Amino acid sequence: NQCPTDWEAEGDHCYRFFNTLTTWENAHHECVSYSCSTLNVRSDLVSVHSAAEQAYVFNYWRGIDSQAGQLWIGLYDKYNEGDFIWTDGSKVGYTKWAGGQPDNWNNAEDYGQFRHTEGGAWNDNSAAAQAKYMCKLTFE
């Protein structure tokens, strides 16, 4: 375990859950703010690439947080409506959409989040909504 203190290790990554309500854009900035250019470490909202990473992220979050609510992740379609990508540039092979999602409700939902139910099934929500958030380190 070579993760920074207050960050959890799993695979080739470190993860850290922030138990504070905020907007997706603010969460994005807060995660990116933990980057370290001298060590080529890129910090970002969590990206999710397998059922096992989903489960990991979900169980880490719900292991700390007992409140009903959502968890921002780095999935978004801001720049191309309908095409959800990761902020960290990683490829989009894994999805876990909740039934009826993504629905771009009121033509204003471009930001992805886990629900606290159904193993962390994903919803698209808006720039005004608030949720907790999870950051991930990528050692480039």
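Note that residue numbering follows the sequence shown and begins at 1.
Student: Averaging only over Cα atoms, indicate whether 91-99 or 75-83 has the higher B-factor in the PDB entry.
Tutor: If you average the C-alpha B-factors of 91-99 and of 75-83, the larger mean comes out for 91-99.
Student: Please work out which of 102-110 and 38-46 has the higher mean CA B-factor as recorded in the PDB entry.
Tutor: Mean C-alpha B-factor is greater for 102-110.
Student: Against its chain's modelled residues, does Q54's Cα B factor rank lowest, middle or highest third?
Tutor: Middle third - that is where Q54 ends up once the chain's C-alpha B-factors are sorted.
Student: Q130: which third of its chain by C-alpha temperature factor?
Tutor: According to the entry, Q130 has a C-alpha B-factor in the chain's highest third.
Student: Please place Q67 in the lowest, middle or highest third of its chain according to the CA B-factor in the PDB entry.
Tutor: Its C-alpha B-factor belongs to the highest third of this chain's values.
Student: What third of the chain, by the recorded C-alpha B-factor, contains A121?
Tutor: According to the entry, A121 has a C-alpha B-factor in the chain's middle third.
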